[PDB]
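Chemist: The structure file query.tsv (TSV, C-alpha atoms and all ligand atoms) is provided below.
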chain	number	residue	atom	x	y	z
F	1	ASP	CA	4.40	-68.96	22.60
F	2	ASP	CA	0.91	-70.45	22.84
F	3	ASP	CA	0.38	-73.79	21.00
F	4	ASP	CA	-1.44	-71.99	18.16
F	5	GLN	CA	1.34	-69.47	17.58
F	6	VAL	CA	3.92	-72.29	17.71
F	7	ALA	CA	1.93	-74.34	15.12
F	8	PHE	CA	1.56	-71.26	12.90
F	9	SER	CA	5.24	-70.44	13.02
F	10	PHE	CA	6.11	-74.10	12.37
F	11	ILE	CA	4.19	-73.99	9.07
F	12	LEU	CA	5.85	-70.64	8.04
F	13	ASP	CA	9.32	-71.88	8.82
F	14	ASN	CA	8.82	-75.05	6.80
F	15	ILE	CA	7.54	-73.09	3.85
F	16	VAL	CA	10.71	-70.92	3.99
F	17	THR	CA	13.21	-73.78	4.40
F	18	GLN	CA	11.69	-76.60	2.42
F	19	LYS	CA	10.09	-74.66	-0.40
F	20	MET	CA	11.31	-71.08	-0.77
F	21	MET	CA	14.98	-71.77	-0.14
F	22	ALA	CA	14.84	-74.76	-2.51
F	23	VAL	CA	13.95	-72.59	-5.50
F	24	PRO	CA	16.83	-73.07	-7.96
F	25	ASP	CA	19.55	-70.39	-7.78
F	26	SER	CA	17.74	-68.61	-4.95
F	27	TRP	CA	20.89	-68.16	-2.92
F	28	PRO	CA	20.98	-64.28	-3.42
F	29	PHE	CA	17.91	-64.15	-1.21
F	30	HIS	CA	18.90	-66.63	1.47
F	31	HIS	CA	20.82	-64.16	3.70
F	32	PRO	CA	21.17	-60.37	4.07
F	33	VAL	CA	23.25	-58.71	1.38
F	34	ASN	CA	26.79	-57.93	2.54
F	35	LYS	CA	28.00	-54.55	1.39
F	36	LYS	CA	31.48	-56.05	0.99
F	37	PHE	CA	30.01	-58.21	-1.83
F	38	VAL	CA	27.43	-55.73	-3.27
F	39	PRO	CA	28.88	-52.25	-2.48
F	40	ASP	CA	25.96	-50.11	-3.60
F	41	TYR	CA	23.07	-52.26	-2.37
F	42	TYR	CA	22.06	-50.24	0.67
F	43	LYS	CA	22.50	-46.93	-1.23
F	44	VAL	CA	19.45	-48.08	-3.26
F	45	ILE	CA	17.47	-50.37	-0.91
F	46	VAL	CA	16.28	-48.60	2.18
F	47	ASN	CA	14.15	-51.43	3.56
F	48	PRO	CA	16.22	-54.61	3.07
F	49	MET	CA	14.80	-58.08	3.65
F	50	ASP	CA	15.95	-61.64	3.05
F	51	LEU	CA	14.91	-65.19	4.03
F	52	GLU	CA	17.19	-65.55	7.01
F	53	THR	CA	15.80	-62.38	8.58
F	54	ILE	CA	12.30	-63.80	7.93
F	55	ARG	CA	13.32	-67.02	9.67
F	56	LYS	CA	14.65	-65.00	12.68
F	57	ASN	CA	11.32	-63.19	12.76
F	58	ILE	CA	9.40	-66.49	12.66
F	59	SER	CA	11.54	-67.76	15.55
F	60	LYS	CA	10.41	-64.78	17.59
F	61	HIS	CA	6.83	-65.23	16.54
F	62	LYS	CA	6.76	-61.89	14.81
F	63	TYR	CA	3.96	-63.03	12.42
F	64	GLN	CA	0.49	-63.72	13.67
F	65	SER	CA	-1.01	-63.60	10.15
F	66	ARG	CA	-0.24	-64.65	6.69
F	67	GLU	CA	-0.55	-61.02	5.63
F	68	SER	CA	2.31	-59.83	7.88
F	69	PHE	CA	4.57	-62.69	6.79
F	70	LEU	CA	3.70	-61.99	3.15
F	71	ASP	CA	4.52	-58.30	3.63
F	72	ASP	CA	8.14	-59.31	4.30
F	73	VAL	CA	8.13	-61.89	1.49
F	74	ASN	CA	6.90	-59.23	-0.89
F	75	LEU	CA	9.66	-56.84	0.27
F	76	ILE	CA	12.19	-59.31	-1.04
F	77	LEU	CA	10.58	-59.20	-4.48
F	78	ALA	CA	10.04	-55.40	-4.47
F	79	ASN	CA	13.67	-54.84	-3.51
F	80	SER	CA	14.86	-56.99	-6.37
F	81	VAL	CA	12.59	-55.10	-8.79
F	82	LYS	CA	14.19	-51.81	-7.56
F	83	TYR	CA	17.79	-52.89	-7.39
F	84	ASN	CA	18.03	-55.34	-10.32
F	85	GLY	CA	15.11	-54.27	-12.53
F	86	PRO	CA	11.77	-55.99	-13.22
F	87	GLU	CA	13.24	-58.18	-15.97
F	88	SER	CA	16.51	-59.25	-14.26
F	89	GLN	CA	17.05	-62.90	-13.64
F	90	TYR	CA	17.43	-61.95	-9.94
F	91	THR	CA	13.89	-60.68	-10.03
F	92	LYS	CA	12.59	-63.77	-11.96
F	93	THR	CA	14.08	-65.93	-9.22
F	94	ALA	CA	12.52	-63.71	-6.47
F	95	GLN	CA	9.22	-64.02	-8.27
F	96	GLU	CA	9.47	-67.78	-8.15
F	97	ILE	CA	10.25	-67.63	-4.38
F	98	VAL	CA	7.07	-65.58	-3.90
F	99	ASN	CA	4.99	-67.94	-6.12
F	100	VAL	CA	6.01	-71.05	-4.33
F	101	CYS	CA	5.34	-69.26	-1.05
F	102	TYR	CA	1.77	-68.50	-2.11
F	103	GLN	CA	1.26	-72.02	-3.59
F	104	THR	CA	2.49	-73.74	-0.40
F	105	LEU	CA	0.47	-71.51	1.82
F	106	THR	CA	-2.66	-72.48	-0.14
F	107	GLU	CA	-2.03	-76.14	0.79
F	108	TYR	CA	-2.52	-74.99	4.47
F	109	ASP	CA	-5.36	-72.48	3.83
F	110	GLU	CA	-7.91	-74.00	6.19
F	111	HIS	CA	-5.60	-74.64	9.05
F	112	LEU	CA	-3.89	-71.20	8.79
F	113	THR	CA	-7.24	-69.48	8.64
F	114	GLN	CA	-8.19	-71.18	11.89
F	115	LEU	CA	-4.88	-70.62	13.57
F	116	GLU	CA	-5.01	-66.86	12.80
F	117	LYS	CA	-8.40	-66.62	14.40
F	118	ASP	CA	-7.40	-68.60	17.46
F	119	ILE	CA	-4.19	-66.59	17.96
F	120	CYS	CA	-6.16	-63.42	17.83
F	121	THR	CA	-8.81	-64.71	20.28
F	122	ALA	CA	-6.19	-65.75	22.77
F	123	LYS	CA	-4.28	-62.41	22.41
F	124	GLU	CA	-7.42	-60.45	22.99
F	125	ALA	CA	-8.36	-62.48	26.09
F	126	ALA	CA	-4.89	-62.10	27.53
F	127	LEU	CA	-4.91	-58.29	26.82
F	128	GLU	CA	-8.26	-57.85	28.54
F	129	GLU	CA	-7.03	-59.84	31.59
F	130	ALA	CA	-3.84	-57.79	31.85
F	131	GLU	CA	-5.87	-54.51	31.61
F	132	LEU	CA	-8.19	-55.64	34.38
F	133	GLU	CA	-5.39	-56.90	36.61
F	134	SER	CA	-3.57	-53.49	36.36
F	135	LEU	CA	-6.71	-51.42	36.81
F	136	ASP	CA	-7.37	-52.77	40.15
F	137	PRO	CA	-4.24	-51.57	42.03
F	138	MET	CA	-4.79	-54.39	44.65
F	139	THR	CA	-3.10	-57.80	44.43
M	201	LIG	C1	26.13	-62.73	1.45
M	201	LIG	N1	26.01	-62.72	0.01
M	201	LIG	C2	25.74	-64.04	-0.63
M	201	LIG	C3	25.97	-61.58	-0.65
M	201	LIG	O1	26.08	-60.46	-0.01
M	201	LIG	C4	25.78	-61.50	-2.12
M	201	LIG	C5	26.78	-61.86	-3.02
M	201	LIG	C6	26.53	-61.72	-4.38
M	201	LIG	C7	25.36	-61.20	-4.84
M	201	LIG	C8	24.38	-60.79	-3.96
M	201	LIG	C9	23.10	-60.14	-4.43
M	201	LIG	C10	21.94	-60.30	-3.71
M	201	LIG	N2	20.76	-59.74	-4.06
M	201	LIG	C11	19.61	-59.91	-3.17
M	201	LIG	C12	20.57	-58.95	-5.14
M	201	LIG	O2	19.49	-58.44	-5.42
M	201	LIG	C13	21.76	-58.78	-5.97
M	201	LIG	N3	21.90	-58.04	-7.08
M	201	LIG	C14	23.24	-58.11	-7.45
M	201	LIG	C15	23.96	-58.89	-6.57
M	201	LIG	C16	22.99	-59.33	-5.59
M	201	LIG	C17	24.63	-60.92	-2.59
M	202	CA	CA	-4.22	-55.71	40.46
Render the structure in this file as structure tokens.
Ligand SMILES: CN(C)C(=O)c1cccc(-c2cn(C)c(=O)c3[nH]ccc23)c1
Ligand SMILES: [Ca+2]
Modeler:
Amino acid sequence: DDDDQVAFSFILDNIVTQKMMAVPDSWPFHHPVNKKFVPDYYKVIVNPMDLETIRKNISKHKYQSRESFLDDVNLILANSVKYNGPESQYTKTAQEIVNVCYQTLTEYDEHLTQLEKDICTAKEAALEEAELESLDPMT
């Protein structure tokens, strides 16, 4: 909710919508799998992920780092490797989603490096204030 977290999330959301979702034939990854359409999916995938869920997470500011966002991006790929196989066209398409994620992030490397540091400085200051305000039981 701070300016820096809002700017960080703004970059992640644009990478998802403008770049990752534009990969050709990426539609299997745009939304959660519906068991009515893929009956055995959740018998095999125990940690499902998709781009819409990532966008809901970005909206809630779940990610304060590239690494945490990229953990969920990578889950999409890993799940396709498990469910479809490493050589499936599903998995080739997932791989391209991940590649264009990494490539687009690199175009923002300096600014995202700074934003991650500034988010973490502000979180730490706010944590230390909240700890001190509780510890004195006066107010
Ligand atoms: C809401 N929609 C569009 C679906 O539930 C839907 C429909 C048709 C296919 C898929 C599908 C998705 N993903 C991620 C796969 O790895 C996969 N492997 C075989 C089919 C699929 C999902
Ligand atoms: Ca107090």
Chemist: Residues contacting ligand CA 202 (chain M) - anything with an atom at most 8 Å away, using only C-alpha atoms and all ligand atoms - can you give me those as a ChimeraX atom specification?
Modeler: /F:132-139
Chemist: List as a Markdown table every residue of chain F that is in contact with ligand LIG 201 (chain M), defined as an atom at most 8 Å from one of its atoms (using only C-alpha atoms and all ligand atoms), together with the nearest atom pair and the distance in Å rounded to one decimal, sorted by chain and then rising number.
Modeler:
| residue | atom | partner | partner_atom | distance |
| --- | --- | --- | --- | --- |
| F:27 | CA | M:LIG201 | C2 | 6.8 |
| F:28 | CA | M:LIG201 | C10 | 4.1 |
| F:29 | CA | M:LIG201 | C11 | 5.0 |
| F:30 | CA | M:LIG201 | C2 | 7.6 |
| F:31 | CA | M:LIG201 | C1 | 5.9 |
| F:32 | CA | M:LIG201 | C1 | 6.1 |
| F:33 | CA | M:LIG201 | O1 | 3.6 |
| F:34 | CA | M:LIG201 | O1 | 3.7 |
| F:35 | CA | M:LIG201 | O1 | 6.4 |
| F:36 | CA | M:LIG201 | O1 | 7.0 |
| F:37 | CA | M:LIG201 | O1 | 4.9 |
| F:38 | CA | M:LIG201 | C15 | 5.7 |
| F:41 | CA | M:LIG201 | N3 | 7.5 |
| F:50 | CA | M:LIG201 | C11 | 7.4 |
| F:76 | CA | M:LIG201 | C11 | 7.7 |
| F:79 | CA | M:LIG201 | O2 | 7.1 |
| F:80 | CA | M:LIG201 | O2 | 4.9 |
| F:83 | CA | M:LIG201 | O2 | 6.1 |
| F:84 | CA | M:LIG201 | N3 | 5.7 |
| F:90 | CA | M:LIG201 | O2 | 6.1 |
| F:91 | CA | M:LIG201 | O2 | 7.6 |
Chemist: Between F:114, F:106, F:68, F:57, which residue has the minimum interatomic distance to residue 7 (chain F), considering only C-alpha atoms?
Modeler: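 Going through F:114, F:106, F:68, F:57 one by one, the smallest distance to residue 7 (chain F) is for F:114.
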Chemist: One number please: CA of residue 73 (chain F) to CA of residue 52 (chain F), in Å, one decimal.
Modeler: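 It comes out at 11.2 Å.
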Chemist: At what distance in Å, to one decimal, does CA of residue 110 (chain F) lie from CA of residue 11 (chain F)?
Modeler: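 Computing the Euclidean distance for CA of residue 11 (chain F) and CA of residue 110 (chain F) yields 12.4 Å.
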Chemist: Report, in Å with one decimal, the straight-line distance from CA of residue 13 (chain F) to CA of residue 85 (chain F).
Modeler: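 Going from CA of residue 13 (chain F) over to CA of residue 85 (chain F) covers 28.3 Å.
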Chemist: F:5, F:26, F:104, F:95: which is nearest residue 64 (chain F), counting all atoms listed in the file?
Modeler: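 Checking each of F:5, F:26, F:104, F:95 against residue 64 (chain F), counting all atoms listed in the file, the winner is F:5.
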Chemist: Counting only C-alpha atoms, figure out which residue out of F:118, F:124, F:107, F:1 gets nearest to residue 15 (chain F).
Modeler: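 Using only C-alpha atoms, the shortest distance to residue 15 (chain F) belongs to F:107.
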Chemist: Just checking: using only C-alpha atoms, which residue out of F:94, F:46, F:112, F:21 ends up closest to residue 77 (chain F)?
Modeler: F:94
Chemist: From the list F:96, F:109, F:131, F:87, which residue is nearest residue 25 (chain F) when using all atoms listed in the file?
Modeler: F:96
Chemist: Of the residues F:92, F:97, F:24, F:66, which is the one nearest to residue 51 (chain F), using only C-alpha atoms?
Modeler: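 Using only C-alpha atoms, the shortest distance to residue 51 (chain F) belongs to F:97.
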Chemist: Hey, can you pull every residue with an atom no more than 10 Å from (-0.9, -69.8, 20.0), using only C-alpha atoms, and send it as a compact mmCIF listing (two decimals) with C-alpha atoms, in the frame of the given file?
Modeler:
# COMPACT_ATOMS: atom_id res chain seq x y z
CA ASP F 1 4.40 -68.96 22.60
CA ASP F 2 0.91 -70.45 22.84
CA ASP F 3 0.38 -73.79 21.00
CA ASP F 4 -1.44 -71.99 18.16
CA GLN F 5 1.34 -69.47 17.58
CA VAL F 6 3.92 -72.29 17.71
CA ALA F 7 1.93 -74.34 15.12
CA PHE F 8 1.56 -71.26 12.90
CA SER F 9 5.24 -70.44 13.02
CA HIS F 61 6.83 -65.23 16.54
CA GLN F 64 0.49 -63.72 13.67
CA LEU F 115 -4.88 -70.62 13.57
CA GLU F 116 -5.01 -66.86 12.80
CA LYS F 117 -8.40 -66.62 14.40
CA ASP F 118 -7.40 -68.60 17.46
CA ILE F 119 -4.19 -66.59 17.96
CA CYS F 120 -6.16 -63.42 17.83
CA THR F 121 -8.81 -64.71 20.28
CA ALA F 122 -6.19 -65.75 22.77
CA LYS F 123 -4.28 -62.41 22.41
Chemist: Is it possible to add N, CA, C and O atoms to region 96-107 of chain F and hand it back as a compact mmCIF listing (two decimals), keeping the file's coordinate frame?
Modeler:
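Below you can see part12.txt, which holds the result:
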# COMPACT_ATOMS: atom_id res chain seq x y z
N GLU F 96 9.72 -66.40 -8.38
CA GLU F 96 9.47 -67.78 -8.15
C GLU F 96 9.45 -68.11 -6.70
O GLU F 96 8.64 -68.93 -6.23
N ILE F 97 10.29 -67.47 -5.87
CA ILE F 97 10.25 -67.63 -4.38
C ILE F 97 8.86 -67.20 -3.88
O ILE F 97 8.24 -67.91 -3.06
N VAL F 98 8.37 -66.06 -4.35
CA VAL F 98 7.07 -65.58 -3.90
C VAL F 98 5.96 -66.55 -4.36
O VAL F 98 5.07 -66.85 -3.58
N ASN F 99 6.02 -67.00 -5.61
CA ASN F 99 4.99 -67.94 -6.12
C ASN F 99 4.96 -69.21 -5.34
O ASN F 99 3.87 -69.71 -5.00
N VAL F 100 6.11 -69.76 -5.01
CA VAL F 100 6.01 -71.05 -4.33
C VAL F 100 5.63 -70.88 -2.88
O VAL F 100 5.10 -71.78 -2.24
N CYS F 101 5.91 -69.66 -2.33
CA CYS F 101 5.34 -69.26 -1.05
C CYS F 101 3.82 -69.28 -1.06
O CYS F 101 3.18 -69.97 -0.29
N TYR F 102 3.21 -68.56 -2.02
CA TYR F 102 1.77 -68.50 -2.11
C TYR F 102 1.17 -69.92 -2.34
O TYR F 102 0.15 -70.29 -1.74
N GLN F 103 1.81 -70.68 -3.22
CA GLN F 103 1.26 -72.02 -3.59
C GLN F 103 1.29 -72.87 -2.38
O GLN F 103 0.31 -73.62 -2.07
N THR F 104 2.36 -72.87 -1.59
CA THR F 104 2.49 -73.74 -0.40
C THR F 104 1.56 -73.29 0.65
O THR F 104 0.88 -74.12 1.31
N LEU F 105 1.41 -71.95 0.86
CA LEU F 105 0.47 -71.51 1.82
C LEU F 105 -0.95 -72.01 1.51
O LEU F 105 -1.71 -72.29 2.40
N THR F 106 -1.33 -71.99 0.24
CA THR F 106 -2.66 -72.48 -0.14
C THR F 106 -2.91 -73.94 0.30
O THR F 106 -4.01 -74.22 0.72
N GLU F 107 -1.87 -74.72 0.32
CA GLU F 107 -2.03 -76.14 0.79
C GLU F 107 -2.41 -76.19 2.23
O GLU F 107 -2.92 -77.17 2.73
